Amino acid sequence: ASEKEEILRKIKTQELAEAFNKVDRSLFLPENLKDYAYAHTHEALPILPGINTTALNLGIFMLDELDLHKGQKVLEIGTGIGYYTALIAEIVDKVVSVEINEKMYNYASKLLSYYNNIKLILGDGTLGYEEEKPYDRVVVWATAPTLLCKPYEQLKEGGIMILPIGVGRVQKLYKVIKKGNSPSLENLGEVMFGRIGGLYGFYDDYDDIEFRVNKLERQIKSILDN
């Protein structure tokens, strides 16, 4: 708990403040990363090849902006290691959380036993989760090509959704308040999340000149097979 007090001081939602103080984040982190429970708070931690855990400073900010309170039903796209799932479960009535990667799904299955209000789904988060349909809030922990349609449809009328939108290696964090097909979108800043996979995920690779050149270099390397 080094940068723990810094982060706690900033929390605007009293309920989140308490959940944050109580849940021991080292309990959801592997052995190798134990020292990052409350230190290096601005970095994303490696869990699986190609998959990280959002930076604590970012995560707490997002949840704080989610306006979480008693008796809400929250949909979370991207269970991961279950830590942010736990913090929501502490505040909210029920939590439906989706994970697309099986190994990740397995790793967390055991870590959330202490909770009886978290439904863990193994599937395409891009579809959200129809079946417990009306949600009060939705948090996505990976960037999308556009506004995720299913989650948005599943949101309650005045619901609030937070997700990173953007193709390209640097995206934008958006706070969406449902209002028919005229939501209000508030850019909360620049962020760098990994790409969400699935039906409404990405259909082509990163399109920045660095990537394009890396590819050219890959192909010429292989064409020189001729």
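Numbers for residues come from their place in the sequence shown, where the first is 1.
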Higher average CA B factor in the deposited record is what I'm after, so tell me if that's 78-86 or 106-114. 106-114
Avg C-alpha B-factor, entry values, 46-54 vs 178-186, higher side is 178-186
Relative C-alpha B-factor of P30, binned into the chain's lowest, middle or highest third: highest
Assigned third (lowest, middle, highest) for the C-alpha B factor of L127: middle
Ranking every modelled residue in this chain by its Cα temperature factor as given in the entry, which third contains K150? middle
Splitting the chain's C-alpha B-factors into thirds, which one does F20 fall into? lowest
Of the three thirds of its chain by CA temperature factor, lowest, middle or highest, which one includes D67? middle
